[PDB]
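A.B. asks: First the structure, then my questions, so here it is.
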Amino acid sequence: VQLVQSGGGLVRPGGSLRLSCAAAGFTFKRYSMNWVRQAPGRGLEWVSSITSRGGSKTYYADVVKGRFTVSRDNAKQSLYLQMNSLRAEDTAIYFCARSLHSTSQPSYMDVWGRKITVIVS
Amino acid sequence: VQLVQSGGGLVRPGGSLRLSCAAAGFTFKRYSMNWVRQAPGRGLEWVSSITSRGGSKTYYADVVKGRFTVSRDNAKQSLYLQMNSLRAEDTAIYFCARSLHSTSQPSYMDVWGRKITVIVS
Amino acid sequence: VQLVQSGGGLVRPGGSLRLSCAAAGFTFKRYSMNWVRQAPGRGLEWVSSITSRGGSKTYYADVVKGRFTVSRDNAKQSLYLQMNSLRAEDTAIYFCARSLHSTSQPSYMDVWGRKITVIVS
Amino acid sequence: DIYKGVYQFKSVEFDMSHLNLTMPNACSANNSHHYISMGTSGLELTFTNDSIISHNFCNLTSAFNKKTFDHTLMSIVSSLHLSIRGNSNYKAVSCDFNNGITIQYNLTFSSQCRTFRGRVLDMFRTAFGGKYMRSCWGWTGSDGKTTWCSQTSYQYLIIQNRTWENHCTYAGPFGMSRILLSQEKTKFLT
Amino acid sequence: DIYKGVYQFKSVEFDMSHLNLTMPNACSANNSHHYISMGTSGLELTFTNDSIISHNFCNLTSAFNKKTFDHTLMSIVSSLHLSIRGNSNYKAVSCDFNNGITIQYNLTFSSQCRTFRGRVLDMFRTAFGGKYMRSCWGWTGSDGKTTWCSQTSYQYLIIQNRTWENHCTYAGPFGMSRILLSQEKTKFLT
Amino acid sequence: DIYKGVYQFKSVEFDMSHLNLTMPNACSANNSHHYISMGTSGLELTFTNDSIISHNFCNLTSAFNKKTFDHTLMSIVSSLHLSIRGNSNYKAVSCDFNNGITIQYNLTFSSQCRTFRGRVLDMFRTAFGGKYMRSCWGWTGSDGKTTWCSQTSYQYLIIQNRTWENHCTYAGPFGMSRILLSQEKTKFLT
Amino acid sequence: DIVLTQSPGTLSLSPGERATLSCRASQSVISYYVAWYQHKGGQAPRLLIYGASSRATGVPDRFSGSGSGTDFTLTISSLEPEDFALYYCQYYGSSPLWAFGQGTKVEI
Amino acid sequence: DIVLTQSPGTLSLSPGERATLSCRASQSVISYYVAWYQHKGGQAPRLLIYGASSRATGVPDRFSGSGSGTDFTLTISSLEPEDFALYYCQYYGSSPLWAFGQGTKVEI
Amino acid sequence: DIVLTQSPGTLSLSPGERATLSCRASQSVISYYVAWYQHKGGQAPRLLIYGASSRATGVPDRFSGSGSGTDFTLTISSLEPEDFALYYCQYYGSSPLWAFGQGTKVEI
Amino acid sequence: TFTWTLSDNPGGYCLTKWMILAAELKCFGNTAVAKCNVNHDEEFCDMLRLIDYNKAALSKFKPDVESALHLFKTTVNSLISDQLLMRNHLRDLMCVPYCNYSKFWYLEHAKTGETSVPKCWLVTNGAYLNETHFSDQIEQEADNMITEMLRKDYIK
Amino acid sequence: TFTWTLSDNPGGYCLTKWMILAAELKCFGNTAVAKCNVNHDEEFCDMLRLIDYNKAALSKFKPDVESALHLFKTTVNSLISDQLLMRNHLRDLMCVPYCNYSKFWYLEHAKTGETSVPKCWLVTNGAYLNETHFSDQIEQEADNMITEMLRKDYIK
Amino acid sequence: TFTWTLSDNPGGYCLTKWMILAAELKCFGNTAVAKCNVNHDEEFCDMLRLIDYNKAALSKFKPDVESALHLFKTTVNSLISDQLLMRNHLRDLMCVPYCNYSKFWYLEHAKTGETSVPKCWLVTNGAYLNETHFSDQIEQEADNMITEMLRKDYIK
Ligand SMILES: *[C@@H]1O[C@H](CO)[C@@H](O[C@@H]2O[C@H](CO)[C@@H](O[C@@H]3O[C@H](CO)[C@@H](O)[C@H](O)[C@@H]3O)[C@H](O)[C@H]2NC(C)=O)[C@H](O)[C@H]1NC(C)=O
Ligand SMILES: *[C@@H]1O[C@H](CO)[C@@H](O[C@@H]2O[C@H](CO)[C@@H](O)[C@H](O)[C@H]2NC(C)=O)[C@H](O)[C@H]1NC(C)=O
Ligand SMILES: *[C@@H]1O[C@H](CO)[C@@H](O[C@@H]2O[C@H](CO)[C@@H](O)[C@H](O)[C@H]2NC(C)=O)[C@H](O)[C@H]1NC(C)=O
Ligand SMILES: *[C@@H]1O[C@H](CO)[C@@H](O[C@@H]2O[C@H](CO)[C@@H](O)[C@H](O)[C@H]2NC(C)=O)[C@H](O)[C@H]1NC(C)=O
Ligand SMILES: *[C@@H]1O[C@H](CO)[C@@H](O[C@@H]2O[C@H](CO)[C@@H](O)[C@H](O)[C@H]2NC(C)=O)[C@H](O)[C@H]1NC(C)=O
Ligand SMILES: *[C@@H]1O[C@H](CO)[C@@H](O[C@@H]2O[C@H](CO)[C@@H](O)[C@H](O)[C@H]2NC(C)=O)[C@H](O)[C@H]1NC(C)=O
Ligand SMILES: *[C@@H]1O[C@H](CO)[C@@H](O[C@@H]2O[C@H](CO)[C@@H](O)[C@H](O)[C@H]2NC(C)=O)[C@H](O)[C@H]1NC(C)=O
Ligand SMILES: *[C@@H]1O[C@H](CO)[C@@H](O[C@@H]2O[C@H](CO)[C@@H](O)[C@H](O)[C@H]2NC(C)=O)[C@H](O)[C@H]1NC(C)=O
Ligand SMILES: *[C@@H]1O[C@H](CO)[C@@H](O[C@@H]2O[C@H](CO)[C@@H](O)[C@H](O)[C@H]2NC(C)=O)[C@H](O)[C@H]1NC(C)=O
Ligand SMILES: *[C@@H]1O[C@H](CO)[C@@H](O[C@@H]2O[C@H](CO)[C@@H](O)[C@H](O)[C@H]2NC(C)=O)[C@H](O)[C@H]1NC(C)=O
Ligand SMILES: *[C@@H]1O[C@H](CO)[C@@H](O)[C@H](O)[C@H]1NC(C)=O
Ligand SMILES: *[C@@H]1O[C@H](CO)[C@@H](O)[C@H](O)[C@H]1NC(C)=O
């Protein structure tokens, strides 16, 4: 099991680039994906989440709702995050996690990726 | 639920025309449908009855057995009666009914069409 | 039920030919086939055996291992024996039999073919 | 006849008079007489309307310790007695085991399904079904309801042994299959 | 909302107050009052430090033969009393059937699950579930384990008859269904 | 080896010694000594011609009310004694609970399956299978038949405790599971 | 063949009074397959009772099928001015497939 | 390997007399997989008993297999003129797959 | 919304000492969905105790979550120099979907 | 599909003359019999287990009634589906068509020998239901087997 | 698909106002109800049998509690799945989300009316599992029915 | 395919060293485990329910045999298929190959990891049968996989 990070960089407010966490080594469509970031000097915060299989339900944090877009493609095992209109407050390190929500398993994030850096100024 | 009548008219003995009760608003292929007539001054009498899901078994009253013909087409949801060699005794009003014969339900005619008039002289 | 024999004849050592027991009148692909021979002045001995369906497992007697080949084709309902590099000891009469090996019933050979003669000199 | 042109309607009826050696059987000849049998040993269940046993004694201390004692039949009687709803009153059950098995149920009232008669008929209902001795829903109007318990106009019910002589048409073991699940199911604390 | 576009998520919740006439019911009122009801007849199970019965008697020889006797409720009391592990100590169970059903379970210690309290609380656990009177696994550390039996701080357990007056949100007949599976499963040889 | 090319044959065997703490175990060693164990508490079942108890006394009025009393093991003994066909005669069952569980069955005739020995061997047959004490169908010809009851030449069957020290190979809880079905299935009216 | 005989032929009762009909069959009849129909002139026949004791949909409490396995009946709790029509009894099975009575008239 | 030893080698009994055969195996043998065959001249071998105690189809009551593990037999209730032939015993499993005995001959 | 409050904010304990953290939620929380994560600088967050009482894979005996349905504690059997990092408590459900605490730092 | 019997129709079970009421020989294909050896929702399958157990018991065990009854209560009773047995008792107490385990009806293919799972011929008022009383129910089974046979025929 | 009732929606059962807590009318298609005839692993089908029995008993038998209770202990218990009852009791004792039989959830097709077999809404800590706690469980159920209807749709 | 366990192989169950007799790790895929969580005809599934219950009982409850036995009698018997238990007892008394629930055999796909539902290894006369004794039965099981996997392969 392994989630592989991708994307990241530096961009001024007004334009943005998508992130990617193309996980491999396991059944991608059977797990729900998440996005977690941590602002410099701040603790962990939740960003987005998309459910397994079809990914019909996508949940966003109210802080970043309306300009972030979480999507996934079970065909080739890749997780995205299309950011639009970035802000200086969005500058942080972003993580991708794995979770499964059912009766058998309690809720937890199990297999994380590595940091993706995003600087906005 | 609704059974819609059709056909009808008058014809001299020797030639005849078919009747039609093209029911709509429910599942045609599940229900077995019958034909009931009533001679003027006489009570209700059974004429014909075809089963469902193919119409393999067709039963006729011995009074009219041999020249009548009951048939159904589950594709277009319509029930026919191909009368041949009509007789002056057959002048009556004809009805179409709906019934289902199984263990769960008792036997009863539930949804009827409206009067169809047949005149022969 | 009936197994019909085939093949047979006499050949000098070195030369060889296949046997055949094209059974008919029942389901070939379900039952496992066997080969039994009896040398003159000697009792019955087992020769080969091929299992049912795909015939994945074929068993041989160590005496004839390496030159006796047993195979079947459920499509044509026939059992063969590609027996090669013959020897004067191989001269005997050969039988084809029928058996099914499951938990439901014990093991036995119940339906047999008729004699097939082989002479090597 | 033939359905869809390539299938034909046919029926199989089981002659279950050959299951007599292994599994038991429970029959009912008519309203008054019913039969439970195992192999060749059987029981006689008569809804007779006159008494046979008059003494007020039911002791099984002596019955068990006798040379003559049928274990097959006394297993059946013990299964039926413990399927009676509530607790059976020995003021209303008389027993005699001098020669064979005979026990008498009094079933006289001395408000219809709460009596001793209604409880005994509950044991009868499970073993023999509702084929006899029941009134269906639609007899006294379209809104007339029937009692839970089966009702009898008779007074007594006698259980006696009877060698089997094909008194019925064999019904199978399902009569006592339901009895086994009724046994002591509603037993009181005592 | 809507899943896969062409399907939608919806729920059905059954109201089991209309099953009261045909099948029984089991409930707990707060944490200490519990009710088993059949139709309109019901029972009250109270966990109290207050003793109602003081005499040392649980006698049923005369209780069955009385002017009034509720057969529906005595069926439930008999079913519950027969789901207690081993043999009930008549030194610890008192009964009074003068006017209604009243049985007292003493449950005083005089080791946590091997006492008379642990056996009675096993009858409670099956009928009324594990919602109350239990401690879950992960409360005293990730390696701490909970006992097998449900434990109580109260001393006495009282069962009294009480006409049903909607003391609960109906739960269904499953409380009594689980009791009938455990009735006399561990009853001793005596 | 390999079937159809892309499948292979493999076997799984379960070691049932780890199910020792939660669910019971019943197994036989050598046709004379049989073991039923729960956790670390076990039972000795020996078929012997040697008599341990000579007195005709089996009272549990005082045995239950003692400081030394194993509830886990007495549950098994009560379950086993209640699976015996018919009613066990106290003329043939002796008891001793002074130094643990110790009960004796005479099994002496003093027709083969109608005796007390055949009834007791029915309890043994369910709990311990038919590995021992049975003769198969075809040993005495192709039309030779065998009795239903398992037969033994011994006289006495003794039950005593043992502390489990791997007397046997674990077989699982299925032996005690079959006893639960047969418990009091054929009790008498008494 | 089976014949369904309905007696009496004609009913003349004042409004607000019970009216009891009867249907008789020559042979023994399963009560599960016995239905009653109300036929009122221009209107098509209207099912009242099926299974000999079960009221259909939209059938008031007044109509009440009954009867044992031999003698069938049909009663009206309190007949109203709009329930004057021809009442038929029906049976499925036997010969012919559908059996109808001669008809009982209820009048003022 | 497994070897099946049939004793005695030959039998000479008058018609209408019992004839008990034997089949000994060096191994411990499951009685479920032991079958007996009768081979007579030009006729192909005919199955008599399978499972060591079960008569095949069309086998008279005279033939009766028996025997526990490691000690198998075969008895004829009353041998007739047409049951003079070679009687074999086999086992399935072990090495080889099918093991046949040396054959016991019954004559007059 | 739901807020997870972690107290005390920081811990200063010597190696080999026993530590007890605490997580508090505003609402009443289903204990089945409470997880603890250890975050150590470069390393991504490491799951420790999912289900509020069950250790994850490759988690030593030292880490052991606990707590009733309202208070969610985490304790360390004997803290070692290798386990100085930030400890988070997490809840799933309610608003927002994933709730994280403010973090607790353990330092020498 | 693997088929088991306590005793010993290739691939299926067959019924004997002294075993059916008024027929010399009737029995069923492999496809239908396997369902009874895996399912317990059909009442016909409870007949097969009782039939199969009785045949084996007679051949191997010498006759005895007190020992055969005890094995029936303790052991053999578990071969009867409890839900089916105690549902038909409810249908009998409500005076609606129920099954007393005597007559079973089934459809058999004209040529291939394909056979459905027999369904009980229900009784009420002490009389069997005519074939026309449940004619539409029979028409369900005919179309069920069209799809079932077309499923296996197309897949080849 | 044959249907089963102890009493009187075309092809399936339907739920009345006084047997649903907070809805005027809710019920299901033919396909889902037919499964409860054969299947016994769903807690929802135990509701259907208990609802069906209660409707029949109230209409045909006059009210009485002593005789209705005794028929429940003897006869009606067989209508409740025995394995499900004891499984959910074990899930209760271990404090894991169990089913207390009250609320069930299912998916309904937007147009065709096809409906899944309702699954129990589990409870723990005296609170129902919240709608998003088993979100991935709903997703596989939606994908399960996609194949189930597509298989029937393609073959026509 | 939803899978449930009382305790905590993605989508299926896996067997530990101390519960397997003579191996370190043998365990099975999602497809086979689901059948044991829906059906009760296979004797292997009664083992998984016993293994699963034992693992959960040990972790969450402190050791006690007086109370573990009682919960076994009242509650855990429902986890054992009663019909199978009485059948094997009948096969044991008649001296035919039966099962004491110990050894099971299955087929594992070489590449995909697909695994059949294990079937019991049968014992008679105090000896296990060789693989050659039921060789034709194995050939039949291998064809069940081919149709079952090709059904999913075509539809994609
Ligand atoms: C009765 O069954 C119990 C539990 O099924 C057996 O005790 C358990 O045995 C295993 C293996 O022997 C123990 O695992 C061991 O754990 C320690 C660390 O805890 C480790 O050093 C070993 O390598 C091994 O993994 C286990 O702790 C122990 N107890 C429990 C509660 O699981 C016992 O052996 C059985 N007794 C008999 C007589 O069969
Ligand atoms: C019920 O059983 C009893 C006892 O088995 C039968 O009474 C015996 O009948 C035999 C006939 O063979 C007499 O010789 C005995 O004297 C009778 N008494 C006893 C104590 O054995 C009785 O016949 C059976 N009842 C019926 C109706 O057959
Ligand atoms: C069956 O029971 C009835 C009613 O209990 C008994 O007849 C009564 O006997 C008592 C005894 O004192 C009298 O007080 C009653 O007057 C009797 N008659 C009635 C109608 O109650 C009858 O004796 C019992 N049968 C037998 C055979 O003992
Ligand atoms: C126990 O739960 C029940 C809910 O039915 C309640 O008990 C009632 O409490 C009120 C107010 O104190 C009293 O007027 C009633 O008399 C009580 N009922 C009975 C039957 O005595 C209450 O919620 C809880 N009682 C406690 C915790 O003592
Ligand atoms: C419940 O049991 C307790 C303890 O067994 C009883 O209280 C004891 O009664 C005995 C009777 O001789 C005294 O010796 C003890 O001193 C009492 N107290 C204790 C703490 O043991 C109590 O009586 C029982 N309940 C009732 C209602 O009688
Ligand atoms: C009934 O009495 C018991 C003890 O006699 C009480 O249980 C005590 O509860 C307190 C809670 O404040 C604990 O600190 C004690 O340790 C408990 N006692 C024992 C002996 O453990 C119980 O609370 C009482 N209940 C009522 C309503 O009075
Ligand atoms: C428990 O039942 C008893 C007896 O059925 C009830 O006590 C009777 O109550 C009525 C009230 O209508 C009084 O007239 C009677 O005198 C009482 N005694 C008897 C012997 O009938 C009692 O009320 C019930 N318990 C509750 C809580 O309602
Ligand atoms: C059978 O059970 C009895 C009762 O526990 C055991 O007898 C006791 O054994 C212990 C050994 O620790 C002695 O100290 C006691 O004195 C014995 N008697 C009593 C009354 O406790 C007996 O040992 C058990 N059998 C075996 C073989 O261990
Ligand atoms: C156990 O063995 C027998 C079984 O009946 C009984 O004692 C025998 O009694 C008979 C007749 O009274 C005598 O012939 C025997 O000699 C007695 N002893 C034995 C060993 O068989 C009695 O039930 C029991 N006896 C003992 C000593 O335990
Ligand atoms: C226990 O005693 C019985 C009989 O008292 C013995 O059974 C005998 O076993 C021999 C074996 O050679 C048989 O020949 C006898 O026929 C059997 N006796 C009877 C009466 O049938 C048994 O072997 C004894 N066991 C021990 C260990 O002494
Ligand atoms: C199930 O538990 C919930 C949570 O408290 C409760 O509201 C509901 O009434 C319970 N259902 C039943 C049938 O008891
Ligand atoms: C099953 O029986 C055989 C017979 O020898 C034995 O080897 C095996 O161990 C038995 N299994 C168990 C669990 O007792």
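For the structure tokens, the naming scheme is as follows: chains receive sequential letters (A, B, ...) according to their order of presentation, residues are indexed from 1 within each chain, and ligands are indexed from 1 in presentation order.
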Report as a ChimeraX atom specification which protein, DNA and RNA residues come within 6 Å of ligand 10, using only C-alpha atoms and all ligand atoms.
C.D. replies: /F:49,153-154
A.B. asks: So which residues are near ligand 3, meaning at most 12 Å away with only C-alpha atoms and all ligand atoms counted, given back as an MDAnalysis selection string?
C.D. replies: chainID D and resid 48:57 89:95 103:110 115:117 154:158
A.B. asks: Output N, CA and C atoms for every residue in that selection, as a CSV table (one decimal), in the first residue's frame.
C.D. replies:
```
chain,number,residue,atom,x,y,z
D,48,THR,N,-64.9,-39.3,22.8
D,48,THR,CA,-66.2,-39.9,23.3
D,48,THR,C,-66.9,-39.0,24.3
D,49,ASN,N,-68.2,-39.1,24.4
D,49,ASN,CA,-69.0,-38.2,25.1
D,49,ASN,C,-69.6,-38.8,26.4
D,50,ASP,N,-69.0,-40.0,26.8
D,50,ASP,CA,-69.3,-40.7,28.0
D,50,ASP,C,-68.0,-41.2,28.6
D,51,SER,N,-68.0,-41.3,30.0
D,51,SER,CA,-66.8,-41.6,30.7
D,51,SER,C,-66.4,-43.0,30.6
D,52,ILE,N,-65.1,-43.3,30.7
D,52,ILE,CA,-64.6,-44.7,30.8
D,52,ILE,C,-63.9,-44.9,32.1
D,53,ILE,N,-63.2,-43.9,32.6
D,53,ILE,CA,-62.5,-44.1,33.9
D,53,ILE,C,-63.2,-43.2,34.9
D,54,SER,N,-63.5,-43.8,36.1
D,54,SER,CA,-64.2,-43.0,37.1
D,54,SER,C,-63.4,-42.7,38.3
D,55,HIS,N,-62.4,-43.5,38.7
D,55,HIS,CA,-61.6,-43.3,39.9
D,55,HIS,C,-60.7,-42.0,39.6
D,56,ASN,N,-60.5,-41.3,40.7
D,56,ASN,CA,-59.7,-40.1,40.7
D,56,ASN,C,-58.3,-40.4,41.1
D,57,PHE,N,-57.5,-41.1,40.2
D,57,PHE,CA,-56.1,-41.4,40.5
D,57,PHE,C,-55.4,-41.3,39.1
D,89,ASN,N,-54.4,-30.0,35.3
D,89,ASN,CA,-54.9,-30.3,36.7
D,89,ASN,C,-55.2,-31.8,36.8
D,90,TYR,N,-54.6,-32.4,37.9
D,90,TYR,CA,-54.9,-33.8,38.2
D,90,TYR,C,-56.3,-34.0,38.7
D,91,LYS,N,-57.0,-32.9,39.0
D,91,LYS,CA,-58.4,-33.0,39.3
D,91,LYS,C,-59.2,-33.3,38.1
D,92,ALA,N,-58.6,-33.2,36.9
D,92,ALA,CA,-59.3,-33.4,35.6
D,92,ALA,C,-58.7,-34.4,34.7
D,93,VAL,N,-57.6,-35.0,35.1
D,93,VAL,CA,-56.9,-36.1,34.4
D,93,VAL,C,-56.8,-37.3,35.2
D,94,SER,N,-57.5,-38.4,34.7
D,94,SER,CA,-57.4,-39.7,35.4
D,94,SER,C,-56.6,-40.7,34.5
D,95,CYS,N,-55.9,-41.6,35.2
D,95,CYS,CA,-54.9,-42.4,34.5
D,95,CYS,C,-55.2,-43.9,35.0
D,103,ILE,N,-55.6,-43.0,29.6
D,103,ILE,CA,-55.7,-41.8,30.3
D,103,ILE,C,-56.9,-41.0,29.9
D,104,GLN,N,-57.6,-40.3,30.8
D,104,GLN,CA,-58.9,-39.7,30.5
D,104,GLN,C,-58.8,-38.2,30.8
D,105,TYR,N,-59.2,-37.4,29.9
D,105,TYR,CA,-59.3,-35.9,30.0
D,105,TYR,C,-60.7,-35.5,30.2
D,106,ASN,N,-61.0,-34.7,31.3
D,106,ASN,CA,-62.4,-34.5,31.7
D,106,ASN,C,-63.1,-33.4,30.8
D,107,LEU,N,-62.4,-32.3,30.5
D,107,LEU,CA,-62.9,-31.3,29.5
D,107,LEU,C,-64.3,-30.8,29.8
D,108,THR,N,-64.8,-30.9,31.0
D,108,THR,CA,-66.1,-30.3,31.3
D,108,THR,C,-65.9,-29.1,32.2
D,109,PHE,N,-66.7,-28.0,31.9
D,109,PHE,CA,-66.5,-26.7,32.5
D,109,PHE,C,-66.6,-26.7,34.0
D,110,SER,N,-67.6,-27.4,34.5
D,110,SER,CA,-67.9,-27.3,35.9
D,110,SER,C,-68.0,-25.9,36.5
D,115,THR,N,-60.7,-22.0,29.2
D,115,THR,CA,-61.0,-23.2,30.0
D,115,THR,C,-60.1,-24.3,29.7
D,116,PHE,N,-60.2,-25.4,30.5
D,116,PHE,CA,-59.3,-26.5,30.4
D,116,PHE,C,-59.6,-27.2,29.0
D,117,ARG,N,-60.8,-27.1,28.5
D,117,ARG,CA,-61.2,-27.6,27.2
D,117,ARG,C,-60.4,-26.9,26.1
D,154,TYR,N,-68.2,-32.3,22.7
D,154,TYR,CA,-68.1,-33.5,23.5
D,154,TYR,C,-67.7,-33.1,24.9
D,155,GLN,N,-67.5,-34.2,25.7
D,155,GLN,CA,-67.1,-34.0,27.1
D,155,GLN,C,-65.8,-34.6,27.4
D,156,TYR,N,-65.5,-35.8,27.1
D,156,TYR,CA,-64.3,-36.5,27.5
D,156,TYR,C,-63.4,-36.7,26.3
D,157,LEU,N,-62.1,-37.0,26.5
D,157,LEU,CA,-61.1,-37.4,25.5
D,157,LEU,C,-60.3,-38.5,26.1
D,158,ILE,N,-60.3,-39.7,25.5
D,158,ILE,CA,-59.7,-40.9,26.0
D,158,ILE,C,-58.5,-41.2,25.1
```
A.B. asks: Among chain L, which residues carry a DSSP assignment of alpha helix (DSSP H), reported as a PyMOL selection string?
C.D. replies: chain L and resi 30-36+43-60+65-74+82-93+135-155
A.B. asks: Go ahead and dump the residues you just picked, C-alpha atoms, as a short mmCIF file (atom, residue, chain, number, x, y, z; two decimals), in the first residue's frame.
C.D. replies:
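Final file, part-v4.cif:
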```cif
data_model
loop_
_atom_site.label_atom_id
_atom_site.label_comp_id
_atom_site.auth_asym_id
_atom_site.auth_seq_id
_atom_site.Cartn_x
_atom_site.Cartn_y
_atom_site.Cartn_z
CA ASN L 30 -13.64 -11.55 -0.94
CA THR L 31 -15.79 -13.66 -3.28
CA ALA L 32 -15.67 -16.85 -1.22
CA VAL L 33 -16.09 -15.22 2.20
CA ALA L 34 -19.28 -13.42 1.14
CA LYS L 35 -20.99 -16.76 0.50
CA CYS L 36 -20.37 -17.79 4.11
CA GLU L 43 -19.68 -26.79 6.65
CA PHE L 44 -16.63 -24.54 6.23
CA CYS L 45 -18.66 -21.43 7.03
CA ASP L 46 -19.64 -22.79 10.46
CA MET L 47 -15.91 -22.79 11.23
CA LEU L 48 -15.42 -19.13 10.29
CA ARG L 49 -18.31 -18.09 12.52
CA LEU L 50 -16.74 -20.03 15.41
CA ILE L 51 -13.27 -18.60 14.73
CA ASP L 52 -14.67 -15.08 14.40
CA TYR L 53 -16.68 -15.34 17.63
CA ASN L 54 -13.72 -16.73 19.57
CA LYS L 55 -11.39 -13.95 18.44
CA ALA L 56 -13.83 -11.21 19.47
CA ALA L 57 -14.72 -12.88 22.77
CA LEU L 58 -11.09 -13.15 23.90
CA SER L 59 -10.13 -9.56 23.07
CA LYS L 60 -13.13 -7.80 24.63
CA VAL L 65 -15.39 -20.27 31.60
CA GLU L 66 -18.56 -20.44 33.73
CA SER L 67 -20.07 -17.51 31.81
CA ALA L 68 -18.56 -18.32 28.41
CA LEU L 69 -20.18 -21.76 28.48
CA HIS L 70 -23.63 -20.38 29.28
CA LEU L 71 -23.49 -17.83 26.46
CA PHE L 72 -22.43 -20.69 24.19
CA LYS L 73 -25.51 -22.80 24.97
CA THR L 74 -28.09 -20.01 24.74
CA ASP L 82 -28.21 -27.29 12.75
CA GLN L 83 -29.19 -29.22 9.62
CA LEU L 84 -25.55 -29.89 8.70
CA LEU L 85 -24.72 -31.00 12.24
CA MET L 86 -27.47 -33.62 12.28
CA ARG L 87 -26.71 -34.76 8.72
CA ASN L 88 -23.07 -35.62 9.45
CA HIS L 89 -24.22 -37.49 12.55
CA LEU L 90 -26.49 -39.53 10.29
CA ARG L 91 -23.62 -40.16 7.88
CA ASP L 92 -21.42 -41.18 10.81
CA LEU L 93 -23.91 -43.75 12.14
CA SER L 135 -10.94 -36.69 -8.17
CA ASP L 136 -14.02 -36.35 -10.38
CA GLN L 137 -15.59 -34.11 -7.73
CA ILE L 138 -12.60 -31.76 -7.97
CA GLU L 139 -12.88 -31.71 -11.77
CA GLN L 140 -16.50 -30.63 -11.33
CA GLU L 141 -15.56 -27.81 -8.95
CA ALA L 142 -12.91 -26.52 -11.36
CA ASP L 143 -15.60 -26.16 -14.02
CA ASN L 144 -17.80 -24.18 -11.62
CA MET L 145 -15.07 -21.53 -11.37
CA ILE L 146 -14.63 -21.36 -15.15
CA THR L 147 -18.29 -20.55 -15.77
CA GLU L 148 -18.45 -18.28 -12.71
CA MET L 149 -15.36 -16.28 -13.68
CA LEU L 150 -16.17 -16.21 -17.41
CA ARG L 151 -19.62 -14.82 -16.57
CA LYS L 152 -17.94 -11.78 -15.02
CA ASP L 153 -15.21 -11.65 -17.68
CA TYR L 154 -17.58 -11.22 -20.64
CA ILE L 155 -19.74 -8.51 -19.08
#
```
A.B. asks: Set the cut-off to 10 Å, count only C-alpha atoms and all ligand atoms, and list whatever residues fall near ligand 1 as a ChimeraX atom specification.
C.D. replies: /F:15-22,38-40,164-167,169-170 /L:17-19,54-55,58-59,62-63
A.B. asks: From the options F:174, F:137, F:148, F:3, which residue's atoms come nearest to ligand 12, counting only C-alpha atoms and all ligand atoms?
C.D. replies: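 With only C-alpha atoms and all ligand atoms as the atom set, the closest residue is F:174.
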